[PDB]
Amino acid sequence: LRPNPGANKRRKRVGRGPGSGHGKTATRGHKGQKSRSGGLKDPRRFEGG
Amino acid sequence: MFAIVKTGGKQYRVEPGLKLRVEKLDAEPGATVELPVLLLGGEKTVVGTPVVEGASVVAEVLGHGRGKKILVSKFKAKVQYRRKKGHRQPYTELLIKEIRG
Amino acid sequence: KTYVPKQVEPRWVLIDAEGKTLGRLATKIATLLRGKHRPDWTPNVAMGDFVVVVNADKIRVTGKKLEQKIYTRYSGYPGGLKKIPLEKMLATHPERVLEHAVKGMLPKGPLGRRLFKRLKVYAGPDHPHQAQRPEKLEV
Amino acid sequence: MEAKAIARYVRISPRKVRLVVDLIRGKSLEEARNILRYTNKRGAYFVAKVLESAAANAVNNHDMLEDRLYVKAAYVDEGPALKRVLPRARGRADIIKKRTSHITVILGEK
Amino acid sequence: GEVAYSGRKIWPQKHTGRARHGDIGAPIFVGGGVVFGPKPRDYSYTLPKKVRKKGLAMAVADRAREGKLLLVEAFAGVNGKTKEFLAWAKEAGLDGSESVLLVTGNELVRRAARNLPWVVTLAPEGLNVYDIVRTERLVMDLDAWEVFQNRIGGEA
Amino acid sequence: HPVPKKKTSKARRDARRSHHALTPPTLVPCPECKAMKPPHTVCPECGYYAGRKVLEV
Amino acid sequence: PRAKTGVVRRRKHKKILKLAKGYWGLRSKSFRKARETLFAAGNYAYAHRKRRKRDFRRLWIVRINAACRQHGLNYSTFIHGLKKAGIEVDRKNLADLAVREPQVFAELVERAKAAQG
RNA sequence: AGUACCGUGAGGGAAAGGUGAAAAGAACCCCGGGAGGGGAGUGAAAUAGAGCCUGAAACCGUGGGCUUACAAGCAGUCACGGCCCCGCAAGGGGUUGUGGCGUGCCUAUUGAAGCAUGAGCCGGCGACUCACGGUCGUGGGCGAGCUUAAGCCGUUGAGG
RNA sequence: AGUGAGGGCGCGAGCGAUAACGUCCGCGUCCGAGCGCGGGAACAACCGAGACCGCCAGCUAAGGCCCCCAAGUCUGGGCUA
RNA sequence: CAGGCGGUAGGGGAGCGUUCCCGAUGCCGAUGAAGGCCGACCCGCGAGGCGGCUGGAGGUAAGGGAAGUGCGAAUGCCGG
């Protein structure tokens, strides 16, 4: 009934939404919802081959 | 009576009243403590004369206590430009009860 | 510090006008109708002096004469903005030419307003001032 | 309180009914009566009757110098409405809700 | 909850009923489906037996050093009925202001060791750091077994 | 086609409904019996000035 | 699971109900635009306590000019006066005194004219 | 409630949970065609009264306070003066006439007062997660460190 | 992790008609993204100036002082009218 | 003493209520759970106590854990 996680352990960054006051999370439209975009690497793949 | 010495910016022109003014929290570390303000603007009921000498002669003093504090009022920082955040008016002084002279 | 405005403190005054000159006399008459000069002088009034001036006419011209046209464009639009020259200006409405100076600087709708109220003159010769029976302060 | 003149679910109407009481209050049964009765338009009896019970509650279990009962403080309230729907070209739903009226008017003694 | 009863479409997502939306009984509204769904689930947690027992141990250790009742012996209850068991308690000095974890195969021990207060009924070589430090004091019988088990924990 | 813009508050609504307002009904007493009679008229009682010819049955 | 934030917002909002004093009909109970109108009022009092300084600045400015000149010479003059002026030169009262102790001003003056020379 | 109701059929596919502790839920008298309205009794309450618990916002209403017909302003709001209010005073309330200074917020903009837009008003719903792979951190166990599938004990089901 | 397009002003070349609140590049400032205060009437970028919060305090920029509105209808010497 | 503290995108830190899980139910409570209605002591705030009225029974945390959560705002969704 006392031993709270010592140092930091407990949730460190499950930061919700975008900013206390404001909010939005990132850039411009290019990364909307169904927006898991140009994934791992475009020109990097060029290299790959 | 209504005399003028003033402090921290001219907090004066008065007689024996709890005319609370500025926070000179030094002798405040003790309730009704006493202290002097170097005159400048020497003038009392008929005898009126000089603030030079006010800068250099008699001083007045009070017996004071209390404080005052945060005096409510808030201020919100926003700009049409797209934003807003705000807080409360924190201000005070242990206040003075006037000691003639 | 504080220092609140007294109470119904009334003062009027007689101004020559005549001989004196246009604008400048205005600047004067002008600020004269203070609200700031006698104690508790400010927003809600103060002096301004219920001031009245005569010989309003016979004023000296800023050396211009003709080339200074007041206007009155009540105009049902596409009407006339009625251009008028100082000459006749006064010829019929001198007290007014000065007037335009006066308002000229008098500000604030309701207030200034009230002041013109306490601002009266007559290019009449003086007798008018007489009609204003009351006290007769002067300069 | 005093002579209560009020009632529920009768589909008459706001504003208008308010007009009636507007004019009839002030005075007493005598005068406001004559007006409520011989002045034209709906409400007439609705109003009058409400008056009636008011007065009965009055000299009955409030009683007071009956003759001087005069409408004191009063006016109206409207509860729900019947939600009716009509036709208005290229079908479309044209809606309406008639006012089921309740009156809040009190007879006071003086 | 759409798939099947997904309401295909109903708003002429055309361009006049002013309104957007093609699918009825759609997420974003009226009692329909909700965002990041309350998916049935479970919290597995293979927490390394290493320190797991290491601790069960540590907890046992402190809890006990403050108040430790390694019984090995006890007897007061018709083989262990309530009333008599109770007497025992008064004997073992166990009263109100006390909660102890009764732990071990002395099944008459569990048998009488019910009662919401004072005692908690644990007749198994079933232990756990929690119940451990949470139960005022440890009280247990077949402690030959226990202490030795804990040791097994000690060196595998 | 020309649906206003908003409603200058109950404020306005009133401005109007207001100049509107409901006046009251003209009346003096029966030239014959009592009660209220509007100028030229008779009624379910007196009903006349020269021959009731009206009321009661 | 659950999360009827209701409790909460009904609250946050009435809070707002008060936030809103009882402004001009509609921007009064105006929830939304109420709040807005408020942000306004906020930045406003802002500006307010901010510059009330200059406000006084002037206030006295004139009250006093009023007196100094009424007497003998405007600001360049009078001011410069308290200026040349030695272990005595104060302001947040020049007015005050000009007012309260007619003598007070008459002479602060006297000396001052001299103060300049 | 898969019934209302739309569709030709295929097919779509609501809403409405609570009076009270128990019915004692309203004899009876009074305006009235009636509803419904004042009384008596109910009772611990009936502002617990039949859609009748808790029963707020919105909007309309009855009374009271201040306020208003030479006025040009989102808003406001700093100041002050006149009212009225709790007040022991200190003074604290609400109300404003005089004046100073003040382009409303959201989105997408080099760029907004917008005449670009979103915005009818209230209320409840309303959107960066979960499973793993990983990956970097860093809080914790030993350096070789950790354990799936299972067999077993398992109110607590106890962990091994 | 975010912009991956932006505009304005000054100087330096394009271009354009040596036109445009044109568009091309560069040095700088800029303005957004702080650039919310002064300000020049009022005016995103022109001179002043960086606002963590107070003051019924005082010294100053730019740029101002007959008045409307704080500040000499300063003085001195001219020249237009 | 520095010394700085306009500042969206965006990155870091630090707190806030919010309904549940232990809550090692402590209980609190018909001299009210709760939501509500109003208020010139607490908070740098998100919030807090506390006082007064309603209101019919809950509610809950000392410390820590779990998240359908905090919303003008989307010609939004449903009802006025």
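The stretch between G:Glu110 and G:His13, if pulled fully straight at 0.36 nm per residue, gains 28.6 nm over its current Cα-Cα span. Shape of the protein assembly as shown from its Cα gyration tensor (a ≥ b ≥ c, root eigenvalues): rounded if a/c is under 1.5, otherwise prolate when a/b > b/c, or oblate? Cα axes put the protein assembly as shown in the oblate bin. Near the amide H of D:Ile6, within less than 5 Å, lie the amide hydrogens of D:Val105, all on another chain or at least 5 residues away, with H placed in the peptide plane. Which entries of C:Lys83/C:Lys136; D:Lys72/F:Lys34; B:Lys19/G:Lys12; B:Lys69/C:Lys1; B:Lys19/G:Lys21; G:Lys4/G:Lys33 show an alpha-carbon separation above 28 angstrom in the structure shown? Violating the 28 Å limit, Cα to Cα: C:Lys83/C:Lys136; B:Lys19/G:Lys12; B:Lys19/G:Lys21.
The value of relative contact order for chain C, using C-alpha pairs under 8 Å at least six residues apart, is 32 percent. Taking θ as phi - 60° and the Karplus parameters 6.51, -1.76 and 1.60, the scalar couplings of the stretch E:23-35 work out to 9, 9, x, 10, x, 2, 5, 4, x, x, x, 10, 2 Hz in sequence order, x denoting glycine and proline.
Return the average number of partner chain Cβ atoms within 10 angstrom of each residue Cβ along peptide C:36-42. Write down the numbers at each step before the final one.
Details: counts 5, 6, 2, 5, 2, 5, 4.
Taking the mean over all residues of the peptide, I get 4.
Relative protection proxy for C:90-101, E:77-88, from highest mean packing down: C:90-101, E:77-88 (other beta-carbon atoms within 10 angstrom).
What is chain B by shape, rounded, prolate or oblate, if you read a ≥ b ≥ c off the alpha carbon gyration tensor as root eigenvalues and call it rounded for a/c under 1.5, prolate for a/b larger than b/c, and oblate otherwise? Mind dumping the intermediate values first?
Values: a/c = 3.27, a/b = 2.01, b/c = 1.63.
Taking the square roots of the gyration eigenvalues as a ≥ b ≥ c, chain B is prolate.
Under 13 Å of direct C-alpha separation, and excluding same-chain neighbours fewer than eight residues apart, C:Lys64 reaches these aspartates and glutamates: C:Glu87.
What are the trypsin sites (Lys or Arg not before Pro) within the stretch B:34-77 that DSSP puts in a loop, where the Cβ has at most 16 other Cβ atoms within 10 Å?
B:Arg66
Placing a label point 7 Å from the Cα of C:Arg38 along the Cα-to-Cβ direction, the residues of the stretch C:1-24 whose backbone N falls under 14 Å of that point are C:5-14. Here each label is just a point 7 Å from Cα along the line to Cβ, and for G:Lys50 and C:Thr72 those points are 4.6 nm apart. Remark: spin-label model distance E:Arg151-B:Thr92 equals 6.7 nm, labels positioned 7 Å along the Cα→Cβ axis.
Ranked highest first by average number of other Cβ atoms within 10 Å, how do G:107-113, C:125-131 line up? Intermediate values should be presented prior to the final figure.
Numbers: G:107-113: 19.6, C:125-131: 14.9.
Packing proxy ranking, top to bottom: G:107-113, C:125-131.
Only DSSP H runs of four or more residues enter the estimate; each adds -39500 (n - 2.57), and after division by the residues of chain D the mean residue ellipticity at 222 nm equals -11000 deg cm²/dmol.
Taking 8 Å as the Cα distance limit and 6 or more residues as the minimum spacing, I'd like the relative contact order of chain B as a percentage. Don't jump to the answer; show the numbers that get you there.
Working: 225 pairs, mean separation 32.0, N = 101.
Relative contact order of chain B: 32 percent.
Scalar couplings 3J(HN,Hα) for the stretch F:16-25, obtained by applying the Karplus form with A = 6.51, B = -1.76, C = 1.60 to θ = phi - 60°, are 6, 2, 5, 3, 3, 6, 10, 6, x, x Hz; x denotes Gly and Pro. Summarising the amide proton neighbourhood of C:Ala123: residues at separation of 5 or more, or on other chains, whose placed amide H is nearer than 5 Å comprise C:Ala56, C:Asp57, C:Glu95. Taking a ≥ b ≥ c as the square roots of the eigenvalues of the alpha-carbon gyration tensor, chain A is classed oblate because a/c is 1.5 or more while a/b is no larger than b/c.
Restricting to DSSP H runs of at least four residues, report the calculated mean residue ellipticity at 222 nm for chain E, -39500 (n - 2.57) per run over all residues, nearest 500 deg cm²/dmol. Show your work: numbers first, answer last.
Values: 5 runs with 54 residues, N = 156.
Computed ellipticity for chain E at 222 nm equals -10500 deg cm²/dmol.
In the calculated pair-distance distribution of chain G, the portion above 17 angstrom amounts to 68 percent of the Cα-Cα pairs. Proximity of backbone amide H atoms, modeled 1.01 Å from N, is registered between E:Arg137 and E:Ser99, E:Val100, E:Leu101 at under 5 Å, excluding neighbours fewer than 5 places apart on the same chain. Applying 1/(1 + (r/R0)^6) with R0 = 51 Å to the Cβ-Cβ distance of E:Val78 and G:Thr5 gives a FRET efficiency near 0.30.
Would you mind putting B:25-33, A:36-44, G:81-89 in packing order, based on average other-beta-carbon counts within 10 Å, highest first?
On the way: B:25-33: 12.6, A:36-44: 8.1, G:81-89: 17.1.
Taking the mean over residues of other Cβ atoms within 10 Å, the ranking is G:81-89, B:25-33, A:36-44.
The stretch B:65-101 and the stretch C:58-81 have Cα centres lying 56 Å from one another. Each label was represented as a point 7 Å from its Cα along the Cα-to-Cβ direction; for D:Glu66 and B:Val72 these points are 5.7 nm apart. The mean count of C-beta atoms from other chains within 10 Å of the C-beta of residues in B:47-55, rounded to a whole number, is 5.
If you count, for every residue in G:37-43, the Cβ atoms of partner chains within 10 Å of its Cβ, what is the mean? Can you show the working numbers first?
Details: counts 0, 3, 8, 3, 1, 7, 8.
That average works out to 4.
Take the Cβ-Cβ distance between A:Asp42 and E:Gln13 as r, set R0 to 35 Å, and report the resulting FRET efficiency rounded to the nearest 0.05.
Numbers: r = 34 Å, r/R0 = 0.96.
So the FRET efficiency works out to roughly 0.55.
Laboratory data are not the source of any read-out in this text; all were calculated from the coordinates shown. In this analysis, Cβ positions are derived from the backbone assuming ideal geometry, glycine residues included, and neighbour counts consider all displayed protein chains.
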